[PDB]
């Protein structure tokens, strides 16, 4: 038996849990939110809280249609490229993927509107944020879908903190109970196999059992920080990610005897990371969404550019895991970001995972030297320090010569404004996350400027990480966790990164994690409200 009882028990206090809790409470249920950490907010707290809301009221107010068939074609084209077909009944998606994407379109705006109306998540529009693949002809609403917390800073970097504040303030105002230091570790079933509550491990190592009359809703985030799970499931061998450190995939263990379908386990939301911060478990670390610097290139261990440094983070991270079967190594396992004094002075940022950081910031990851040859010596020392993580990678014997050639070639591209090798700056999204730069009259392309012929020169190692994972128990479009016959496990719900995303390995646009997540919190809460009170 149990020491407490509520209509709805919510696990986790990021976006998925707080919104699920609020929607549940507003239907009149009693609700508790159980949080494993000492503080609320999880990864959501660290985010910019961009949220991508199709057919939102700001768009409609501007007379911008977001036609539903074209919304589905955009997400289908990006999510399942090989199979996308406009003439196919579900656009080449499976029925489940199609229905999930449809649910996002149907429910995101009503969810966003209700949260705002109740003062839980007031927003402003981000009209100029373009979708990450807006150039595709399938995208018929290329900008307009993004919302952000109303009181977020101009950079929006603190959006997640603002959102956790407004969400949790409304939750307290409306009588939702909170318990921190409660690590849920078990779902309790009745004799009919229905979820009737949880067991949680407390700080002092005692367990408590808490009954849920109607539903247990998991919003417990991903598994980035269980290295075993991460390594065994993800399609790339990432070194970590900006996910909260308490996101260790507990739901995967919780459901291991429940007969669930683990889906999309092979995918994470990907991003490059400041490699030394991932290895060193810096909890304040962000994914490198904006690769800082215009007088800045990435080179491999041969001293050559291999990629557009301004490419969308979810795609750029994948470059780091290209495999060289002939040499039995990952040639790009870490890349080296190299920049000059101009970028140091005018492109530094504490936000969006920039490796270029302003005076006073933690600079332990920054490598520095007065010559290019000196820099390579310093980079070598850094590679040696982390040898056991990166295959004992070394700079090639012709590194310095190749680097000089790479800088000369790039400097040409920066003069003409045309990167003939990797097309840096030619897609809108490259400009979108370009970061701060020193204004230069008659810079031809804002993403490039010639690297100075004098030092000092700076560098940082860039490795591959996650925002968090996006695989877990499969749900229906109402957030109900399914058994292997696709039938709900009665009373059991999941929302957010702890369950399977329908987005496969794709990242549609800024806010493509939180926008869908709010839609499903709303659908989950609406369904959970309809549950009979049991046991």
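Numbering follows the first chain given and starts at 1.
The PDB entry records a higher mean C-alpha B factor for 185-193 than for its counterpart among 232-240 and 185-193.
In this entry, 208-216 shows the higher mean Cα temperature factor of the pair 335-343 and 208-216.
When the C-alpha B-factors of 455, 222, 463, 391 are ranked from the entry, the top spot goes to 455.
Across 442, 309, 300, 315, the greatest Cα temperature factor reported in the deposited entry is at 442.
Among all modelled residues in this chain, the alpha-carbon of residue 164 has a temperature factor (C-alpha) in the middle third. Residue 142: CA B factor lies in the middle third for its chain, per the PDB record. Per the deposited record, the Cα B-factor of residue 526 falls in the highest third when ranked against the other modelled residues of its chain. Among the modelled residues of its chain, residue 428 has a C-alpha B-factor that falls in the middle third, as given in the PDB entry.
Sort the chain's modelled residues by C-alpha temperature factor and residue 399 lands in the middle third, per the entry.
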